[PDB]
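File shown: final-v4.pdb. Contents: PDB, N, CA and C atoms.
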```
ATOM      1  N   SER A   1     -13.124   7.254   8.346  1.00  0.00           N
ATOM      2  CA  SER A   1     -12.197   6.089   8.311  1.00  0.00           C
ATOM      3  C   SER A   1     -12.447   5.150   9.509  1.00  0.00           C
ATOM      4  N   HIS A   2     -12.884   3.901   9.221  1.00  0.00           N
ATOM      5  CA  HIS A   2     -13.181   2.889  10.262  1.00  0.00           C
ATOM      6  C   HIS A   2     -11.903   2.410  10.993  1.00  0.00           C
ATOM      7  N   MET A   3     -12.078   2.007  12.264  1.00  0.00           N
ATOM      8  CA  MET A   3     -10.986   1.478  13.104  1.00  0.00           C
ATOM      9  C   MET A   3     -10.541   0.086  12.592  1.00  0.00           C
ATOM     10  N   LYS A   4      -9.364   0.052  11.910  1.00  0.00           N
ATOM     11  CA  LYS A   4      -8.783  -1.162  11.257  1.00  0.00           C
ATOM     12  C   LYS A   4      -9.608  -1.630  10.020  1.00  0.00           C
ATOM     13  N   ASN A   5      -9.052  -2.610   9.279  1.00  0.00           N
ATOM     14  CA  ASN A   5      -9.729  -3.252   8.127  1.00  0.00           C
ATOM     15  C   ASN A   5      -9.158  -4.663   7.875  1.00  0.00           C
ATOM     16  N   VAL A   6     -10.020  -5.580   7.404  1.00  0.00           N
ATOM     17  CA  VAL A   6      -9.626  -6.972   7.054  1.00  0.00           C
ATOM     18  C   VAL A   6      -9.720  -7.229   5.525  1.00  0.00           C
ATOM     19  N   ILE A   7     -10.031  -6.169   4.754  1.00  0.00           N
ATOM     20  CA  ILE A   7     -10.175  -6.247   3.282  1.00  0.00           C
ATOM     21  C   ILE A   7      -8.794  -5.998   2.619  1.00  0.00           C
ATOM     22  N   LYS A   8      -8.140  -7.087   2.156  1.00  0.00           N
ATOM     23  CA  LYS A   8      -6.778  -7.018   1.578  1.00  0.00           C
ATOM     24  C   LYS A   8      -6.502  -8.215   0.638  1.00  0.00           C
ATOM     25  N   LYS A   9      -6.343  -7.928  -0.665  1.00  0.00           N
ATOM     26  CA  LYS A   9      -5.834  -8.902  -1.665  1.00  0.00           C
ATOM     27  C   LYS A   9      -4.334  -8.659  -1.960  1.00  0.00           C
ATOM     28  N   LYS A  10      -3.705  -9.627  -2.652  1.00  0.00           N
ATOM     29  CA  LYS A  10      -2.286  -9.545  -3.051  1.00  0.00           C
ATOM     30  C   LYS A  10      -2.129  -8.760  -4.378  1.00  0.00           C
ATOM     31  N   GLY A  11      -1.296  -7.703  -4.368  1.00  0.00           N
ATOM     32  CA  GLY A  11      -1.007  -6.905  -5.581  1.00  0.00           C
ATOM     33  C   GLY A  11       0.309  -7.313  -6.261  1.00  0.00           C
ATOM     34  N   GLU A  12       0.816  -8.506  -5.901  1.00  0.00           N
ATOM     35  CA  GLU A  12       2.136  -9.006  -6.341  1.00  0.00           C
ATOM     36  C   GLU A  12       2.168 -10.551  -6.406  1.00  0.00           C
ATOM     37  N   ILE A  13       3.071 -11.072  -7.259  1.00  0.00           N
ATOM     38  CA  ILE A  13       3.206 -12.522  -7.544  1.00  0.00           C
ATOM     39  C   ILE A  13       4.475 -13.107  -6.857  1.00  0.00           C
ATOM     40  N   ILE A  14       5.627 -12.446  -7.072  1.00  0.00           N
ATOM     41  CA  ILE A  14       6.963 -12.914  -6.569  1.00  0.00           C
ATOM     42  C   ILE A  14       7.666 -11.867  -5.659  1.00  0.00           C
ATOM     43  N   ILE A  15       6.974 -10.761  -5.340  1.00  0.00           N
ATOM     44  CA  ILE A  15       7.548  -9.642  -4.541  1.00  0.00           C
ATOM     45  C   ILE A  15       7.084  -9.731  -3.060  1.00  0.00           C
ATOM     46  N   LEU A  16       8.005  -9.463  -2.110  1.00  0.00           N
ATOM     47  CA  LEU A  16       7.735  -9.582  -0.653  1.00  0.00           C
ATOM     48  C   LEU A  16       6.932  -8.367  -0.115  1.00  0.00           C
ATOM     49  N   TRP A  17       5.627  -8.561   0.114  1.00  0.00           N
ATOM     50  CA  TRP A  17       4.741  -7.543   0.740  1.00  0.00           C
ATOM     51  C   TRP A  17       3.904  -8.180   1.868  1.00  0.00           C
ATOM     52  N   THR A  18       3.919  -7.557   3.066  1.00  0.00           N
ATOM     53  CA  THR A  18       3.150  -8.043   4.245  1.00  0.00           C
ATOM     54  C   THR A  18       2.250  -6.928   4.823  1.00  0.00           C
ATOM     55  N   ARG A  19       1.353  -7.326   5.749  1.00  0.00           N
ATOM     56  CA  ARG A  19       0.368  -6.430   6.422  1.00  0.00           C
ATOM     57  C   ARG A  19       0.999  -5.159   7.059  1.00  0.00           C
ATOM     58  N   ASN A  20       2.240  -5.296   7.553  1.00  0.00           N
ATOM     59  CA  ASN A  20       2.953  -4.211   8.251  1.00  0.00           C
ATOM     60  C   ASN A  20       3.432  -3.116   7.251  1.00  0.00           C
ATOM     61  N   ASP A  21       3.818  -3.533   6.022  1.00  0.00           N
ATOM     62  CA  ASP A  21       4.306  -2.610   4.961  1.00  0.00           C
ATOM     63  C   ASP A  21       3.171  -1.712   4.406  1.00  0.00           C
ATOM     64  N   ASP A  22       2.063  -2.360   3.992  1.00  0.00           N
ATOM     65  CA  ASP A  22       0.879  -1.683   3.408  1.00  0.00           C
ATOM     66  C   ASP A  22       0.254  -0.639   4.373  1.00  0.00           C
ATOM     67  N   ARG A  23       0.345  -0.891   5.701  1.00  0.00           N
ATOM     68  CA  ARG A  23      -0.097   0.086   6.725  1.00  0.00           C
ATOM     69  C   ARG A  23       0.735   1.393   6.645  1.00  0.00           C
ATOM     70  N   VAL A  24       2.076   1.252   6.543  1.00  0.00           N
ATOM     71  CA  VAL A  24       3.014   2.404   6.477  1.00  0.00           C
ATOM     72  C   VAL A  24       2.768   3.252   5.201  1.00  0.00           C
ATOM     73  N   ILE A  25       2.482   2.569   4.066  1.00  0.00           N
ATOM     74  CA  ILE A  25       2.133   3.231   2.785  1.00  0.00           C
ATOM     75  C   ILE A  25       0.943   4.202   2.971  1.00  0.00           C
ATOM     76  N   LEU A  26      -0.186   3.657   3.453  1.00  0.00           N
ATOM     77  CA  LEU A  26      -1.422   4.428   3.697  1.00  0.00           C
ATOM     78  C   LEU A  26      -1.225   5.519   4.776  1.00  0.00           C
ATOM     79  N   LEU A  27      -0.379   5.230   5.779  1.00  0.00           N
ATOM     80  CA  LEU A  27      -0.124   6.139   6.920  1.00  0.00           C
ATOM     81  C   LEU A  27       0.559   7.453   6.462  1.00  0.00           C
ATOM     82  N   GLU A  28       1.685   7.324   5.735  1.00  0.00           N
ATOM     83  CA  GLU A  28       2.441   8.489   5.210  1.00  0.00           C
ATOM     84  C   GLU A  28       1.748   9.132   3.984  1.00  0.00           C
ATOM     85  N   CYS A  29       0.930   8.349   3.256  1.00  0.00           N
ATOM     86  CA  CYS A  29       0.157   8.859   2.091  1.00  0.00           C
ATOM     87  C   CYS A  29      -0.957   9.832   2.539  1.00  0.00           C
ATOM     88  N   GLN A  30      -1.600   9.515   3.675  1.00  0.00           N
ATOM     89  CA  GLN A  30      -2.653  10.370   4.280  1.00  0.00           C
ATOM     90  C   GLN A  30      -2.032  11.535   5.090  1.00  0.00           C
ATOM     91  N   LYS A  31      -0.883  11.263   5.742  1.00  0.00           N
ATOM     92  CA  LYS A  31      -0.120  12.276   6.519  1.00  0.00           C
ATOM     93  C   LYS A  31       0.426  13.409   5.612  1.00  0.00           C
ATOM     94  N   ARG A  32       1.038  13.009   4.486  1.00  0.00           N
ATOM     95  CA  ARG A  32       1.740  13.929   3.563  1.00  0.00           C
ATOM     96  C   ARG A  32       0.894  14.179   2.290  1.00  0.00           C
ATOM     97  N   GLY A  33       0.754  13.121   1.478  1.00  0.00           N
ATOM     98  CA  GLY A  33       0.135  13.205   0.148  1.00  0.00           C
ATOM     99  C   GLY A  33       0.802  12.229  -0.829  1.00  0.00           C
ATOM    100  N   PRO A  34       0.030  11.463  -1.663  1.00  0.00           N
ATOM    101  CA  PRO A  34       0.611  10.475  -2.620  1.00  0.00           C
ATOM    102  C   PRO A  34       1.441  11.138  -3.765  1.00  0.00           C
ATOM    103  N   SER A  35       2.734  11.354  -3.494  1.00  0.00           N
ATOM    104  CA  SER A  35       3.701  11.939  -4.459  1.00  0.00           C
ATOM    105  C   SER A  35       4.931  11.022  -4.600  1.00  0.00           C
ATOM    106  N   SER A  36       5.719  11.231  -5.669  1.00  0.00           N
ATOM    107  CA  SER A  36       6.942  10.431  -5.972  1.00  0.00           C
ATOM    108  C   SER A  36       7.958  10.411  -4.803  1.00  0.00           C
ATOM    109  N   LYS A  37       8.121  11.567  -4.142  1.00  0.00           N
ATOM    110  CA  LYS A  37       9.044  11.729  -2.994  1.00  0.00           C
ATOM    111  C   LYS A  37       8.504  11.055  -1.701  1.00  0.00           C
ATOM    112  N   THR A  38       7.163  10.915  -1.592  1.00  0.00           N
ATOM    113  CA  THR A  38       6.518  10.205  -0.460  1.00  0.00           C
ATOM    114  C   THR A  38       6.684   8.688  -0.663  1.00  0.00           C
ATOM    115  N   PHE A  39       6.545   8.259  -1.930  1.00  0.00           N
ATOM    116  CA  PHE A  39       6.792   6.871  -2.354  1.00  0.00           C
ATOM    117  C   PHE A  39       8.293   6.506  -2.230  1.00  0.00           C
ATOM    118  N   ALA A  40       9.182   7.516  -2.368  1.00  0.00           N
ATOM    119  CA  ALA A  40      10.646   7.359  -2.175  1.00  0.00           C
ATOM    120  C   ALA A  40      11.017   7.200  -0.678  1.00  0.00           C
ATOM    121  N   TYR A  41      10.285   7.912   0.203  1.00  0.00           N
ATOM    122  CA  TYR A  41      10.392   7.740   1.672  1.00  0.00           C
ATOM    123  C   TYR A  41       9.970   6.306   2.080  1.00  0.00           C
ATOM    124  N   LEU A  42       8.794   5.901   1.583  1.00  0.00           N
ATOM    125  CA  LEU A  42       8.216   4.555   1.787  1.00  0.00           C
ATOM    126  C   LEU A  42       9.051   3.451   1.100  1.00  0.00           C
ATOM    127  N   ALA A  43       9.789   3.819   0.044  1.00  0.00           N
ATOM    128  CA  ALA A  43      10.715   2.906  -0.656  1.00  0.00           C
ATOM    129  C   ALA A  43      11.894   2.508   0.253  1.00  0.00           C
ATOM    130  N   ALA A  44      12.639   3.522   0.718  1.00  0.00           N
ATOM    131  CA  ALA A  44      13.786   3.339   1.631  1.00  0.00           C
ATOM    132  C   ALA A  44      13.365   2.662   2.963  1.00  0.00           C
ATOM    133  N   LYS A  45      12.152   3.012   3.435  1.00  0.00           N
ATOM    134  CA  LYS A  45      11.529   2.426   4.642  1.00  0.00           C
ATOM    135  C   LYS A  45      11.238   0.910   4.463  1.00  0.00           C
ATOM    136  N   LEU A  46      10.586   0.531   3.345  1.00  0.00           N
ATOM    137  CA  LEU A  46      10.066  -0.853   3.134  1.00  0.00           C
ATOM    138  C   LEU A  46      10.997  -1.730   2.245  1.00  0.00           C
ATOM    139  N   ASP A  47      12.268  -1.275   2.031  1.00  0.00           N
ATOM    140  CA  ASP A  47      13.311  -1.977   1.199  1.00  0.00           C
ATOM    141  C   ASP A  47      12.973  -1.996  -0.321  1.00  0.00           C
ATOM    142  N   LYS A  48      12.002  -1.172  -0.739  1.00  0.00           N
ATOM    143  CA  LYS A  48      11.470  -1.171  -2.123  1.00  0.00           C
ATOM    144  C   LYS A  48      11.996   0.009  -2.966  1.00  0.00           C
ATOM    145  N   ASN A  49      11.487   0.092  -4.213  1.00  0.00           N
ATOM    146  CA  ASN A  49      11.619   1.281  -5.086  1.00  0.00           C
ATOM    147  C   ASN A  49      10.277   2.073  -5.090  1.00  0.00           C
ATOM    148  N   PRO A  50      10.292   3.436  -5.354  1.00  0.00           N
ATOM    149  CA  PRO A  50       9.054   4.278  -5.442  1.00  0.00           C
ATOM    150  C   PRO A  50       7.919   3.672  -6.311  1.00  0.00           C
ATOM    151  N   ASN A  51       8.314   2.971  -7.397  1.00  0.00           N
ATOM    152  CA  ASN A  51       7.378   2.267  -8.301  1.00  0.00           C
ATOM    153  C   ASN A  51       6.556   1.195  -7.547  1.00  0.00           C
ATOM    154  N   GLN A  52       7.258   0.327  -6.787  1.00  0.00           N
ATOM    155  CA  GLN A  52       6.630  -0.765  -5.992  1.00  0.00           C
ATOM    156  C   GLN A  52       5.562  -0.232  -5.016  1.00  0.00           C
ATOM    157  N   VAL A  53       5.928   0.840  -4.303  1.00  0.00           N
ATOM    158  CA  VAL A  53       5.063   1.484  -3.302  1.00  0.00           C
ATOM    159  C   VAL A  53       3.800   2.101  -3.952  1.00  0.00           C
ATOM    160  N   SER A  54       3.999   2.822  -5.075  1.00  0.00           N
ATOM    161  CA  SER A  54       2.899   3.475  -5.829  1.00  0.00           C
ATOM    162  C   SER A  54       1.852   2.455  -6.320  1.00  0.00           C
ATOM    163  N   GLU A  55       2.335   1.320  -6.860  1.00  0.00           N
ATOM    164  CA  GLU A  55       1.467   0.216  -7.335  1.00  0.00           C
ATOM    165  C   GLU A  55       0.556  -0.314  -6.202  1.00  0.00           C
ATOM    166  N   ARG A  56       1.165  -0.635  -5.037  1.00  0.00           N
ATOM    167  CA  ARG A  56       0.435  -1.224  -3.884  1.00  0.00           C
ATOM    168  C   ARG A  56      -0.538  -0.215  -3.243  1.00  0.00           C
ATOM    169  N   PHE A  57      -0.152   1.076  -3.217  1.00  0.00           N
ATOM    170  CA  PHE A  57      -1.051   2.191  -2.823  1.00  0.00           C
ATOM    171  C   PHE A  57      -2.368   2.156  -3.640  1.00  0.00           C
ATOM    172  N   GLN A  58      -2.217   2.111  -4.967  1.00  0.00           N
ATOM    173  CA  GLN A  58      -3.347   2.137  -5.911  1.00  0.00           C
ATOM    174  C   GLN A  58      -4.179   0.831  -5.862  1.00  0.00           C
ATOM    175  N   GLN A  59      -3.546  -0.287  -5.437  1.00  0.00           N
ATOM    176  CA  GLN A  59      -4.255  -1.563  -5.185  1.00  0.00           C
ATOM    177  C   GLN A  59      -5.167  -1.405  -3.954  1.00  0.00           C
ATOM    178  N   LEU A  60      -4.557  -0.970  -2.833  1.00  0.00           N
ATOM    179  CA  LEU A  60      -5.233  -0.724  -1.537  1.00  0.00           C
ATOM    180  C   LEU A  60      -6.535   0.107  -1.690  1.00  0.00           C
ATOM    181  N   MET A  61      -6.452   1.222  -2.446  1.00  0.00           N
ATOM    182  CA  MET A  61      -7.614   2.106  -2.728  1.00  0.00           C
ATOM    183  C   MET A  61      -8.765   1.333  -3.434  1.00  0.00           C
ATOM    184  N   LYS A  62      -8.418   0.628  -4.521  1.00  0.00           N
ATOM    185  CA  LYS A  62      -9.376  -0.158  -5.337  1.00  0.00           C
ATOM    186  C   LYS A  62      -9.995  -1.348  -4.556  1.00  0.00           C
ATOM    187  N   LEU A  63      -9.258  -1.865  -3.555  1.00  0.00           N
ATOM    188  CA  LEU A  63      -9.748  -2.933  -2.652  1.00  0.00           C
ATOM    189  C   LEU A  63     -10.839  -2.409  -1.688  1.00  0.00           C
ATOM    190  N   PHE A  64     -10.684  -1.161  -1.210  1.00  0.00           N
ATOM    191  CA  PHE A  64     -11.688  -0.512  -0.325  1.00  0.00           C
ATOM    192  C   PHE A  64     -12.950  -0.078  -1.117  1.00  0.00           C
ATOM    193  N   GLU A  65     -12.766   0.270  -2.404  1.00  0.00           N
ATOM    194  CA  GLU A  65     -13.871   0.688  -3.298  1.00  0.00           C
ATOM    195  C   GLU A  65     -14.694  -0.522  -3.831  1.00  0.00           C
ATOM    196  N   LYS A  66     -14.012  -1.455  -4.534  1.00  0.00           N
ATOM    197  CA  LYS A  66     -14.657  -2.623  -5.198  1.00  0.00           C
ATOM    198  C   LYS A  66     -14.291  -3.961  -4.510  1.00  0.00           C
ATOM    199  N   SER A  67     -12.965  -4.268  -4.448  1.00  0.00           N
ATOM    200  CA  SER A  67     -12.401  -5.573  -3.967  1.00  0.00           C
ATOM    201  C   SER A  67     -12.741  -6.753  -4.922  1.00  0.00           C
ATOM    202  N   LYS A  68     -14.054  -7.111  -5.006  1.00  0.00           N
ATOM    203  CA  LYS A  68     -14.598  -8.173  -5.901  1.00  0.00           C
ATOM    204  C   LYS A  68     -14.076  -9.595  -5.538  1.00  0.00           C
ATOM    205  N   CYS A  69     -14.340 -10.594  -6.406  1.00  0.00           N
ATOM    206  CA  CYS A  69     -13.906 -11.999  -6.187  1.00  0.00           C
ATOM    207  C   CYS A  69     -13.473 -12.647  -7.518  1.00  0.00           C
ATOM    208  N   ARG A  70     -12.149 -12.772  -7.732  1.00  0.00           N
ATOM    209  CA  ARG A  70     -11.573 -13.396  -8.951  1.00  0.00           C
ATOM    210  C   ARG A  70     -11.042 -14.826  -8.619  1.00  0.00           C
TER
END
```

As a first step, turn the structure in this file into structure tokens.
Amino acid sequence: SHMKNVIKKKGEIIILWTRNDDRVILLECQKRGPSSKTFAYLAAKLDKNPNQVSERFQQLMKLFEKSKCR
């Protein structure tokens, strides 16, 4: 895992997501494991629901793998 990253697209249209939130998602996901109860911790933390957190987690992964240009 490299020190920091600048590879980040938007996984939302009208929902409030910033650089500080997506860091906490990846932090507790690697610390614990990507489960519904980990997404529920990150939900209460980031003012979201477990669904919102799970979606952005899966975006972040695909951005590090492919990213691309649309």

Give me, as a VMD selection string, all polymer residues having an atom no more than 9 Å from residue 21 of chain A, counting only C-alpha atoms and skipping those fewer than 2 positions away in the same chain. chain A and resid 17 to 19 23 to 25 42 45 to 46

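Taken over the shown file, the PyMOL selection byres (((chain A and resi 51 and name CA) around 12) and name CA) identifies residues 35, 36, 37, 38, 39, 40, 41, 42, 43, 44, 47, 48, 49, 50, 52, 53, 54, 55, 56, 57 and 58 of chain A.
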
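Taking atom C of residue 15 of chain A and atom CA of residue 3 of chain A as the two end points, the separation is 26.7 Å.
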
Enclose segment 29-36 of chain A, meaning all of its atoms listed in the file, in a box aligned along x, y and z, pad it by 6 Å on each side, and list the centre and edge lengths in Å to one decimal, as JSON.
```
{"center_x": 2.7, "center_y": 11.3, "center_z": 0.3, "size_x": 22.6, "size_y": 17.8, "size_z": 24.5}
```

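Closest to residue 59 of chain A among A:22, A:2, A:28, A:11 is A:11, based on all atoms listed in the file.
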
Which residues in chain A does DSSP call helix (DSSP H, G or I)? List them as a VMD selection string. chain A and resid 19 to 31 36 to 45 50 to 65

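Relative to atom CA of residue 69 of chain A, atom C of residue 1 of chain A is found at 23.3 Å.
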
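Here atom CA of residue 63 of chain A and atom CA of residue 5 of chain A stand 10.8 Å from one another.
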